[PDB]
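Below you'll find only one chain, the form deposited in one PDB entry, shown as structure tokens.
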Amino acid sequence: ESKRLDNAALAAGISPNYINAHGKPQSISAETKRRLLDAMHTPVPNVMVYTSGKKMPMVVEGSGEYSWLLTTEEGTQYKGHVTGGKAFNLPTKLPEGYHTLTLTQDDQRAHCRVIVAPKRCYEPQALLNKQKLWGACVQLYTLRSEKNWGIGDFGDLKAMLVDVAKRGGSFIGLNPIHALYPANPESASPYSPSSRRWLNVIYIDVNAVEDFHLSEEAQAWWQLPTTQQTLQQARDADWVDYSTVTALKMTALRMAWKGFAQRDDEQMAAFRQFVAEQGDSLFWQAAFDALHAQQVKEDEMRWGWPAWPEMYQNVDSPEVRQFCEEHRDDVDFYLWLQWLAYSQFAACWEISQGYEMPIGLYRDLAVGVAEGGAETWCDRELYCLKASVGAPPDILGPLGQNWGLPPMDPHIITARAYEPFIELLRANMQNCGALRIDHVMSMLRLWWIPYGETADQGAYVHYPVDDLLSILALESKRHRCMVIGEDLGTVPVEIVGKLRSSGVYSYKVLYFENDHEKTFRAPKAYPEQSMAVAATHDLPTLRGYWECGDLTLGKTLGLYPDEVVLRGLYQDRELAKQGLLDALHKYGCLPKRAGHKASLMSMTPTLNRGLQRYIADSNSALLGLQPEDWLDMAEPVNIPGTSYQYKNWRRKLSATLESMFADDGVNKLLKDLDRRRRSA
């Protein structure tokens, strides 16, 4: 349609086309362009980013002479003058950090935040020394143990760290532990969080809260047969019962809190210190959780702030303030839960480091927030609520995906001098050695879909990749937190080189590391700057893959409505399996007595081991192993593009930690894989 619309869309950073996952160009419709535009909101710029050790030109506009003052983060001052319409160079050898430049003419001043960044993200010494490391990538909620309350928690993480470290592992990788909704416990996707600044309180180990043990009331309640029976049903279930587990924990912790609240000691001081230091961000998280709890008491279907009375939808309204003043103790309780979660996760980090693990804990940062959570309640202007983030139609998801997450407006991120991005990294790089960036292509572009539409109606919107990658490297170095990018799906060629030279580690998924005729890449040909995995939480387990269970189940759940396309996927899987089997034999991961014809073979321990040896033998500096594959599990934990159709984020591991680490087979497998890492 019109050129007005086309130019406008282009000026807004909306791509008029893109290369799809099959390599074919696709065009964006005028309707999409219109709907997405509707969704979006002087002498020097407000922010400038530079790489350290390079020249730093600053262009000045206007006219006449300007005086300038640059104050570094540590407080060093530099002065000069420059003519409007000219450029000047910043003082040489500025240190990396966050600096302030101010230009003045007559009375009025203009400020530029000046960011000086290293080129590469952080790497631990072990990796710099060219060691090949391994770790366990787990979904925390899936872990079973003798002590947990029916969901894997921070106590399980702590116990597991020791078992991984004793066997030569260097890290435990986690799903996102962002705050979800204790008032709607069944909204359990870690990737639709309330806020990416705070933590999921369901992971609190209540056994480790002293005040739980000191409460007479709590212990009388814990001792009830009813309580013990509810607990045993929750623990025995093969699927996490989020409602029961949350009620158990909230009930217990509320009684613990009544005890803690009367303390006048170091513990109380530490909690208050913590609260004072974290400031408004923490306060508003707690206020959100207290309000949400009250609202679901009035009506359980009140899922987030858009379903609340208008008076509570505006975070700044006088009755929100009144609610907070009248429910000071409820707000206090939710502050306390963030303190406990924080403290317990910190204890896990400390233990990982006591065990000399080069990475220790590997956190995950989700690519967005839920529309009706605390983050959007607090800073509505930042998010484009009339669009949703997803992914375009692709090979294994031909309908595409709509994740329902309102995207950050890229112009507001830069207009705030990257503050929201910076704070996100500071929150998520604490108490860990590596951070996974979910859907790392987001640094360059996100698939925005008009609200309420199917994914095929979306388009790619531009983000300022060069600035974001520099800032990421800077924050990585300052936290000594390495960065691993999930660069999977429909990936723009432009970003691949930039991620590499920024020192971001790629994911190499065994299933996909083959060419156009299913010849699999040799283990020695895996790039060093990557993590090799057999699979992820978004993909079938080894057994599921082999059995084509993902395709069969996907079909049943509505993911593959085109039979011809589906038939193609089955055919390609059988070809892939054969190519994989050939490679396992070719590079010495299977004995000669193992079968050579994939169609006549089922998943066996020999094959299971062979597949994991193949990636253990690779040149990838990191290896991520799933416990589900040590246990030979068939069922997936998550099916992308489903919400209600499958019990996502619920499938428990089939054995406790205690039982898995006493199993001869598991112990032999991990010893073998660890020896292959140290030989490669």
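If you superpose the two forms and keep the largest set of C-alpha atoms that fall within 1.5 Å, you have the rigid core. Position 1 is the first residue in the sequence shown; the rest follow in order.
There is also a form deposited in another entry; it is not shown, and the following applies to it.
When both forms sit on the same rigid core, the CA shifts between this form and the one not shown reach 2 angstroms or more only at 563 out of 325, 381, 563, 356. Once you line up the core between this form and the one not shown, the Cα of residue 665 stays within less than 2 Å of where it was. Once the rigid core is overlaid between this form and the one not shown, residue 65 counts among the residues whose Cα shifts by 2 Å or more. Residue displacement note: residue 485 has its CA displaced by under 2 Å between this form and the one not shown (rigid core superposed).
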